[PDB]
Each structure stands twice: as structure tokens, then as C-alpha cells.
């Protein structure tokens, strides 16, 4: 019946997609692959009709996609959240790119042993990165236009992951904190987050020294 979103049973790259789906209210099924389901994925991989096999994937009948940003932009596009002029469309793609980097910064250091060493320079850098994001947000409720878009769920997830790594870093910018609360207050987001479905943990792949494991440390 309903479209499928396949991903590891983790937050990671798919969580902004789930948040967007939930916020716009579109029906979907998740096909989760748990920590011990590596081989199940291997069996499905070349077998789902996908043109560029990967996780996450997204299947709706005949139509299928991979690449998390493409999936997210597909849903976004349905709600006219990707811009209407070359200038605006570009601006949105820049925002996405920066948000991809914001998230990936955490991922780049989370999978190696020396994470606690790497954390040190990371936090030296972070405040300017965050400052950049807080000036870009400014006094607006959302990153672009005046209602939530996929950029906002991207940004929320990144922030939330990063607050976890160091709660005070994000806490130093009032507008980012108020943003975090703004999104958590969105009724479909709140309901989702309070539901059976919601995946609080892990933030990254299970094998991560930070954001990994079956539960928080």
C-alpha cells in the first residue's frame, strides 16, 4: 500500500527524513535493519529494484530512490519546499550542503578510538561554526521562508546530536536553543517523538565510540 523507507535502526542519515514525513503527515512504512541484520540488507540490496543501491532507500510502487538528500528533497518538493527561482533553489541547496557538513562533522570523528582526542580540536572549531548558523538563522522561526521545511529538520537533528556531544556549546546561542524547542513543540513532531516508532538512540552507527551503542553511556 504505502511507501517504504529502508534504513538501519538508527538516527543517522534517515532521521530528518522521518521527521519531515511525520511533520507533513504522509503515510510511510519503515523497513528497519537492526544491528544484527547486516546480511538481511545484503540479501535485499541488489533485489529491490533500486538503480543506485544504498541505504536509506525509498520505494513507492514503481518509483524508488536512494540518497538521503534526494529522498528528503523529493518529499520537500511535494510541499514546495525547494524553491521556485534559480536563485532561491540554489540558496536552498547551499543551506542543505552546509547542514550536511554540520552533521557530518560529528560523524567524521565518531568512529575512531581517538574520538576523545579529536573532540578537543572539534570543540575549538565548533563555536564559529555555530555562530555562522545562528547568524544565518537570525530572528526567523525557520531557516528559509516562514514555515518548517526539510532544512529545519536537518538542522534540528544536527543540533540535537551536537548538543549531546557538548550541551553548553549549543546552549550559548539563545536562538538555536529556541529553535530546538520550536521544532520539538511542533505537534506532529511531539507526537512522533512521544511514540513507539521514535528512535532516540543511537545517534550514529552502533559501532561508534560517540553516538553509538544500544543505549546512552
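Positions refer to the first chain, counted from 1.
Looking at 55-63 and 146-154 together, the entry lists the larger mean B-factor for 55-63, computed on C-alpha atoms. Taking the mean C-alpha B-factor of each stretch as recorded, 112-120 and 82-90 are not equal, and the higher mean is that of 112-120. Of all the options 42, 68, 188, 27, the entry's greatest CA B-factor is assigned to 42. Per the deposited record, the Cα B-factor of residue 141 falls in the middle third when ranked against the other modelled residues of its chain. Compared with the other modelled residues of the chain, the Cα B-factor recorded for residue 134 ranks in the lowest third. Among the modelled residues of the chain, residue 97 sits in the lowest third by CA temperature factor in this PDB entry. When all modelled residues of the chain are sorted by CA temperature factor, residue 206 is found within the highest third. Sorting the modelled residues of the chain by their CA temperature factor places residue 160 in the middle third.
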